[PDB]
>>> print(open('protein-v9.txt').read())   # compact mmCIF, C-alpha atoms and all ligand atoms
# COMPACT_ATOMS: atom_id res chain seq x y z
CA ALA A 78 106.55 93.17 109.29
CA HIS A 79 104.12 96.11 108.44
CA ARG A 80 104.87 97.74 105.04
CA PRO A 81 102.85 100.56 103.37
CA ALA A 82 100.74 99.96 100.24
CA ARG A 83 102.28 101.57 97.15
CA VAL A 84 100.74 103.59 94.32
CA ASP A 85 102.45 104.88 91.20
CA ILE A 86 101.67 108.61 90.94
CA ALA A 87 103.10 111.03 88.38
CA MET A 88 103.76 114.05 90.61
CA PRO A 89 102.91 117.46 89.07
CA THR A 90 105.55 120.06 88.04
CA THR A 91 105.67 123.75 89.06
CA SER A 92 107.57 126.95 88.19
CA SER A 93 106.72 128.37 91.68
CA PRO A 94 109.58 129.05 94.15
CA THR A 95 107.45 129.28 97.38
CA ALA A 96 105.76 125.89 96.80
CA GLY A 97 108.22 123.57 98.53
CA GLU A 98 107.32 120.28 100.21
CA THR A 99 103.55 119.73 100.05
CA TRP A 100 102.03 116.44 101.33
CA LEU A 101 98.53 115.50 100.24
CA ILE A 102 96.66 113.53 102.91
CA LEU A 103 93.53 111.80 101.64
CA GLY A 104 90.87 110.17 103.82
CA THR A 105 89.28 107.55 101.57
CA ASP A 106 85.67 106.18 101.51
CA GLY A 126 85.15 103.72 92.68
CA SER A 127 86.00 105.64 95.89
CA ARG A 128 85.40 109.14 97.34
CA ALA A 129 87.76 111.47 99.26
CA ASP A 130 86.13 112.37 102.60
CA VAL A 131 89.23 114.22 103.90
CA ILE A 132 91.65 116.34 101.78
CA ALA A 133 94.41 118.16 103.65
CA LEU A 134 97.71 119.64 102.55
CA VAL A 135 100.54 119.42 105.12
CA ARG A 136 103.14 122.12 104.57
CA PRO A 137 106.52 121.69 106.41
CA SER A 138 108.67 124.88 106.27
CA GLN A 139 111.21 127.01 108.24
CA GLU A 140 108.41 129.05 109.95
CA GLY A 141 106.78 125.84 111.27
CA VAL A 142 104.02 123.52 109.97
CA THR A 143 100.67 124.55 108.43
CA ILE A 144 97.78 122.22 107.61
CA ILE A 145 95.16 123.49 105.13
CA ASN A 146 91.93 121.51 105.31
CA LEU A 147 90.30 121.53 101.85
CA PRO A 148 86.47 121.13 101.98
CA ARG A 149 85.33 117.96 100.08
CA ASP A 150 82.25 119.71 98.55
CA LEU A 151 84.48 122.44 97.01
CA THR A 152 84.18 122.49 93.17
CA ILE A 153 87.32 123.28 91.11
CA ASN A 154 88.72 123.05 87.51
CA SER A 155 89.64 119.31 87.51
CA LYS A 156 90.83 118.91 83.88
CA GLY A 157 91.28 121.61 81.22
CA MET A 158 87.78 123.15 80.86
CA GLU A 159 85.83 120.79 83.24
CA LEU A 160 84.52 121.02 86.85
CA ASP A 161 84.45 118.36 89.62
CA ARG A 162 83.97 118.44 93.39
CA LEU A 163 87.10 117.59 95.44
CA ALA A 164 85.44 114.41 96.83
CA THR A 165 84.50 113.24 93.31
CA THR A 166 88.05 113.68 91.86
CA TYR A 167 89.14 110.53 93.81
CA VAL A 168 86.77 108.17 91.81
CA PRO A 169 89.11 107.46 88.79
CA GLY A 170 92.15 107.32 91.13
CA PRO A 171 94.48 109.44 93.32
CA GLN A 172 96.21 110.57 90.09
CA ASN A 173 93.04 112.52 89.20
CA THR A 174 92.87 114.22 92.65
CA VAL A 175 96.64 115.08 92.44
CA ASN A 176 96.05 116.49 88.90
CA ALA A 177 92.78 118.32 89.81
CA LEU A 178 94.38 120.18 92.79
CA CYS A 179 97.13 121.41 90.44
CA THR A 180 94.95 122.60 87.51
CA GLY A 181 92.25 123.94 89.89
CA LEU A 182 94.03 125.37 92.93
CA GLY A 183 97.67 125.37 91.83
CA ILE A 184 98.83 123.01 94.57
CA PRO A 185 101.81 120.91 93.29
CA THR A 186 101.81 117.70 95.38
CA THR A 187 105.33 116.56 96.42
CA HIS A 188 104.24 113.50 98.51
CA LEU A 189 101.04 111.44 98.90
CA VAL A 190 99.45 109.67 101.92
CA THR A 191 96.17 107.71 101.56
CA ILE A 192 94.20 106.31 104.50
CA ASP A 193 91.02 104.23 104.24
CA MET A 194 88.21 103.86 106.87
CA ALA A 195 89.63 100.74 108.60
CA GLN A 196 93.18 102.25 108.36
CA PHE A 197 91.97 105.51 110.03
CA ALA A 198 90.16 103.63 112.85
CA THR A 199 93.25 101.36 113.45
CA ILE A 200 95.60 104.42 113.57
CA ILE A 201 93.32 106.27 116.03
CA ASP A 202 92.95 103.22 118.27
CA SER A 203 96.78 102.81 118.17
CA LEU A 204 96.95 106.39 119.58
CA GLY A 205 94.49 105.33 122.27
CA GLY A 206 91.77 107.50 120.75
CA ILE A 207 91.48 111.27 120.45
CA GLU A 208 90.01 113.82 122.85
CA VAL A 209 87.32 115.84 121.08
CA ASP A 210 84.93 118.35 122.70
CA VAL A 211 81.28 117.62 121.82
CA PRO A 212 79.11 120.78 122.02
CA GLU A 213 75.77 118.93 122.28
CA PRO A 214 74.37 115.36 121.94
CA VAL A 215 74.70 114.29 118.26
CA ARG A 216 73.54 111.21 116.36
CA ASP A 217 73.67 109.82 112.81
CA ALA A 218 71.83 106.67 111.69
CA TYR A 219 74.00 106.46 108.51
CA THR A 220 77.51 106.67 110.10
CA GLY A 221 76.38 105.13 113.43
CA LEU A 222 77.34 108.21 115.52
CA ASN A 223 75.71 108.55 118.95
CA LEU A 224 77.17 111.03 121.45
CA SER A 225 74.74 111.19 124.40
CA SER A 226 76.42 114.13 126.23
CA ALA A 227 78.44 117.32 125.69
CA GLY A 228 82.10 117.70 126.81
CA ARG A 229 85.50 115.96 126.46
CA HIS A 230 84.78 112.54 125.01
CA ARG A 231 87.87 110.43 124.08
CA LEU A 232 86.54 109.08 120.76
CA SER A 233 87.53 105.62 119.55
CA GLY A 234 88.54 105.06 115.91
CA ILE A 235 84.94 104.18 114.87
CA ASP A 236 83.50 107.22 116.76
CA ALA A 237 86.00 109.64 115.13
CA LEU A 238 85.28 108.09 111.70
CA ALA A 239 81.50 108.47 112.28
CA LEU A 240 82.08 112.15 113.28
CA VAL A 241 84.12 113.07 110.15
CA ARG A 242 81.74 111.03 107.89
CA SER A 243 78.56 112.52 109.51
CA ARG A 244 76.50 113.19 106.33
CA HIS A 245 73.16 113.95 108.02
CA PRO A 246 73.74 114.85 111.71
CA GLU A 247 70.56 114.75 113.82
CA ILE A 248 70.47 117.15 116.76
CA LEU A 249 68.18 117.76 119.76
CA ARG A 250 65.92 120.80 119.15
CA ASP A 251 62.61 121.41 120.99
CA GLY A 252 62.90 117.89 122.50
CA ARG A 253 63.18 116.27 119.04
CA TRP A 254 65.85 114.72 116.85
CA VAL A 255 66.11 117.18 113.96
CA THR A 256 68.15 117.22 110.72
CA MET A 257 69.67 120.45 109.35
CA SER A 258 70.56 121.90 105.88
CA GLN A 259 73.22 120.26 103.63
CA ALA A 260 75.47 123.34 104.24
CA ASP A 261 74.96 122.97 108.03
CA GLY A 262 76.17 119.34 107.87
CA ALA A 263 79.15 120.22 105.63
CA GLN A 264 80.13 123.04 108.07
CA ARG A 265 79.93 120.64 111.09
CA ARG A 266 82.04 118.16 109.00
CA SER A 267 84.87 120.66 108.26
CA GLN A 268 84.73 121.69 111.95
CA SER A 269 84.76 118.04 113.14
CA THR A 270 87.63 117.17 110.70
CA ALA A 271 89.52 120.27 112.01
CA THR A 272 89.06 119.16 115.66
CA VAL A 273 89.98 115.55 114.69
CA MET A 274 93.12 116.78 112.83
CA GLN A 275 94.17 118.80 115.88
CA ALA A 276 93.31 115.92 118.26
CA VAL A 277 95.36 113.59 116.01
CA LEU A 278 98.36 115.97 116.08
CA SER A 279 98.04 116.35 119.88
CA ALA A 280 97.76 112.55 120.46
CA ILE A 281 100.77 111.96 118.10
CA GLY A 282 103.09 114.11 120.27
CA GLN A 283 101.64 112.65 123.51
CA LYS A 284 102.64 109.19 122.14
CA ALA A 285 106.02 110.59 120.88
CA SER A 286 107.15 111.18 124.51
CA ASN A 287 107.36 107.46 125.51
CA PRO A 288 110.11 105.40 123.78
CA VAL A 289 108.42 101.92 123.88
CA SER A 290 105.24 103.40 122.31
CA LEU A 291 106.84 104.85 119.11
CA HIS A 292 108.44 101.51 117.98
CA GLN A 293 105.08 99.65 117.62
CA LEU A 294 103.15 102.87 116.81
CA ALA A 295 105.45 103.85 113.86
CA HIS A 296 105.34 100.19 112.78
CA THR A 297 101.47 100.08 112.80
CA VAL A 298 101.16 103.50 111.04
CA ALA A 299 103.38 102.23 108.17
CA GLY A 300 101.15 99.16 107.75
CA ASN A 301 97.90 101.19 107.75
CA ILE A 302 98.85 103.76 105.07
CA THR A 303 99.18 103.99 101.30
CA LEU A 304 102.15 106.01 99.90
CA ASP A 305 103.10 107.01 96.36
CA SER A 306 106.06 105.05 94.92
CA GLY A 307 108.41 108.07 95.07
CA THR A 308 107.88 108.95 98.74
CA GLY A 309 110.08 107.25 101.33
CA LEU A 310 109.14 105.78 104.72
CA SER A 311 112.13 107.96 105.81
CA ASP A 312 110.59 111.06 104.11
CA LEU A 313 107.59 110.44 106.43
CA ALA A 314 110.01 110.42 109.45
CA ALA A 315 111.32 113.89 108.42
CA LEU A 316 107.68 115.20 108.29
CA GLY A 317 107.10 113.86 111.84
CA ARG A 318 110.46 115.36 112.96
CA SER A 319 109.59 118.81 111.49
CA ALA A 320 106.10 118.54 113.07
CA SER A 321 107.54 117.72 116.58
CA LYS A 322 109.92 120.73 116.28
CA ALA A 323 106.87 122.88 115.23
CA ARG A 324 104.67 121.60 118.16
CA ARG A 325 107.40 122.68 120.70
CA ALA A 326 107.98 126.04 118.96
CA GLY A 327 104.21 126.72 118.88
CA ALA A 328 104.43 126.93 115.07
CA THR A 329 101.78 124.26 114.25
CA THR A 330 98.58 125.62 112.66
CA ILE A 331 95.39 124.19 111.13
CA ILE A 332 93.28 126.35 108.83
CA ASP A 333 90.10 125.70 106.83
CA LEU A 334 90.09 127.06 103.26
CA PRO A 335 87.98 130.27 103.52
CA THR A 336 85.10 129.67 101.05
CA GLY A 337 82.12 132.02 100.64
CA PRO A 338 78.81 131.53 102.53
CA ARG A 339 77.92 127.88 101.72
CA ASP A 340 74.13 128.53 101.71
CA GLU A 341 74.53 131.61 99.45
CA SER A 342 75.47 129.71 96.22
CA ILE A 343 74.42 126.38 94.57
CA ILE A 344 78.03 125.46 93.69
CA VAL A 345 80.78 126.06 96.32
CA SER A 346 83.62 127.69 94.37
CA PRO A 347 87.01 129.17 95.46
CA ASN A 348 86.64 132.92 96.16
CA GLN A 349 89.23 135.74 96.46
CA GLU A 350 89.81 134.84 100.20
CA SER A 351 90.67 131.20 99.20
CA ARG A 352 92.99 132.29 96.32
CA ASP A 353 95.00 134.72 98.55
CA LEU A 354 95.39 132.21 101.44
CA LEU A 355 96.66 129.74 98.80
CA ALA A 356 98.83 132.45 97.13
CA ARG A 357 100.57 133.06 100.50
CA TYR A 358 101.94 129.45 100.38
CA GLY A 359 102.94 129.84 96.69
CA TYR A 360 100.00 127.99 95.10
CA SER A 361 98.53 129.34 91.83
CA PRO A 362 96.88 127.41 88.91
CA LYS A 363 98.88 129.45 86.32
CA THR A 364 102.21 128.13 87.72
CA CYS A 365 101.24 124.41 88.15
CA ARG A 366 101.28 121.58 85.53
CA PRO A 367 100.38 117.83 85.77
CA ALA A 368 102.02 114.89 83.81
CO CO L 1 104.36 94.03 110.80
>>> encode(input="protein-v9.txt", output="structure tokens")
Amino acid sequence: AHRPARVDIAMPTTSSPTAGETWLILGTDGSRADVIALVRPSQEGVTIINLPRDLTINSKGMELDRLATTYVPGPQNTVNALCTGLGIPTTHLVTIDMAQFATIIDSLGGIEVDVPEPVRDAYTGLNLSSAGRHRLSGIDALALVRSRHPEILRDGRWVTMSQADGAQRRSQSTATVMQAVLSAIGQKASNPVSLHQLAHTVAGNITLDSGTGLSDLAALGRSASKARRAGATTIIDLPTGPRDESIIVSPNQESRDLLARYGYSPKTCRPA
């Protein structure tokens, strides 16, 4: 029976030619966006741009908010903020909560993520006792991406690191998770019996905007499969300046160019 939850979103408008189909995937935590990624299907392949949650942008005409904070008054604010601040005109919207993320990952049979060293987090409940390939469950993967204050073993002691250190490990963990998700998706796309229940469960553990079709989601998956086989599937983190070299983490020239390549510019994007 599984049907996706629906949200009415007024999609932004653009004058840009290069900005084609752009999906906004939001990992949800009065709510905060823990994960913000833009999935770009094209004729070259598929590119995923992971937008750091702590990144501050121009949310509404002459006002600044962090990406994670834009989700609080609703997805409409995040969709609008990305447009006025980064120039990304959202074509489709996917929203996944904590329980939805853990269900989806456990429906994939978990994800294989390399752990460089034993990590723990009292807040998220993360405890990885050894380094190597780990096959993380839904709850483990969620604890890894949510890891606010990761404790690590230094000089025989559990030690916390800087806020920038933790945000860097988060973008890195989300990047690994995103790749592990993509890899597990294709590995489950080989078997026929799997897909039927898998595609059914995914639909029931997702929130979509009113204008995006369950069939539009199938086309994304179809263009992603074609891009996995062609070796044209790429995941990139938005190149922001040294995180511990400024109080506020703002988009730099590197970030603007990388976004300009894919046809995103604030000057050419308009909400409502
Ligand atoms: Co059902």
>>> closest_atom_pairs(input="protein-v9.txt", of="segment 232-313 of chain A", to="segment 127-146 of chain A", cutoff="12 Å", atoms="all atoms listed in the file", output="JSON lines")
{"residue": "A:238", "atom": "CA", "partner": "A:130", "partner_atom": "CA", "distance": 10.1}
{"residue": "A:239", "atom": "CA", "partner": "A:130", "partner_atom": "CA", "distance": 11.4}
{"residue": "A:240", "atom": "CA", "partner": "A:130", "partner_atom": "CA", "distance": 11.4}
{"residue": "A:241", "atom": "CA", "partner": "A:130", "partner_atom": "CA", "distance": 7.8}
{"residue": "A:242", "atom": "CA", "partner": "A:130", "partner_atom": "CA", "distance": 7.0}
{"residue": "A:243", "atom": "CA", "partner": "A:130", "partner_atom": "CA", "distance": 10.3}
{"residue": "A:244", "atom": "CA", "partner": "A:130", "partner_atom": "CA", "distance": 10.4}
{"residue": "A:263", "atom": "CA", "partner": "A:130", "partner_atom": "CA", "distance": 10.9}
{"residue": "A:266", "atom": "CA", "partner": "A:130", "partner_atom": "CA", "distance": 9.6}
{"residue": "A:267", "atom": "CA", "partner": "A:146", "partner_atom": "CA", "distance": 7.7}
{"residue": "A:268", "atom": "CA", "partner": "A:146", "partner_atom": "CA", "distance": 9.8}
{"residue": "A:269", "atom": "CA", "partner": "A:131", "partner_atom": "CA", "distance": 11.0}
{"residue": "A:270", "atom": "CA", "partner": "A:131", "partner_atom": "CA", "distance": 7.6}
{"residue": "A:271", "atom": "CA", "partner": "A:146", "partner_atom": "CA", "distance": 7.2}
{"residue": "A:272", "atom": "CA", "partner": "A:146", "partner_atom": "CA", "distance": 11.0}
{"residue": "A:273", "atom": "CA", "partner": "A:131", "partner_atom": "CA", "distance": 10.9}
{"residue": "A:274", "atom": "CA", "partner": "A:144", "partner_atom": "CA", "distance": 8.9}
{"residue": "A:275", "atom": "CA", "partner": "A:144", "partner_atom": "CA", "distance": 9.6}
{"residue": "A:278", "atom": "CA", "partner": "A:144", "partner_atom": "CA", "distance": 10.5}
{"residue": "A:312", "atom": "CA", "partner": "A:137", "partner_atom": "CA", "distance": 11.6}
{"residue": "A:313", "atom": "CA", "partner": "A:137", "partner_atom": "CA", "distance": 11.3}
>>> residues_near_ligand(input="protein-v9.txt", ligand="ligand CO 1 (chain L)", cutoff="8 Å", atoms="only C-alpha atoms and all ligand atoms", output="PyMOL selection string")
chain A and resi 78-80+296-297+300
>>> atom_distance(input="protein-v9.txt", atom1="atom CA of residue 180 of chain A", atom2="atom CA of residue 367 of chain A")
7.4 Å
>>> residues_near_point(input="protein-v9.txt", point="(91.4, 131.2, 96.6)", cutoff="12 Å", atoms="all atoms listed in the file", output="PyMOL selection string")
chain A and resi 147+151-153+181-184+333-337+345-362
>>> residues_around(input="protein-v9.txt", residues="residue 254 of chain A", least_positions_apart="6", cutoff="12 Å", atoms="all atoms listed in the file", output="PyMOL selection string")
chain A and resi 214-218+223+245-248
>>> atom_distance(input="protein-v9.txt", atom1="atom CA of residue 100 of chain A", atom2="atom CA of residue 87 of chain A")
14.1 Å
>>> closest_residue(input="protein-v9.txt", among="A:256, A:283, A:199, A:319", to="residue 298 of chain A", atoms="only C-alpha atoms")
A:199
>>> atom_distance(input="protein-v9.txt", atom1="atom CA of residue 225 of chain A", atom2="atom CA of residue 281 of chain A")
26.8 Å
>>> residues_around(input="protein-v9.txt", residues="residue 175 of chain A", least_positions_apart="2", cutoff="10 Å", atoms="all atoms listed in the file", output="list in words")
residues 86, 87, 88, 89, 101, 155, 166, 167, 170, 171, 172, 173, 177, 178, 179, 180, 184, 185, 186, 187, 188, 189 and 367 of chain A
>>> closest_residue(input="protein-v9.txt", among="A:82, A:194, A:280, A:102", to="residue 309 of chain A", atoms="all atoms listed in the file")
A:82
>>> closest_residue(input="protein-v9.txt", among="A:191, A:203, A:220, A:364", to="residue 292 of chain A", atoms="all atoms listed in the file")
A:203
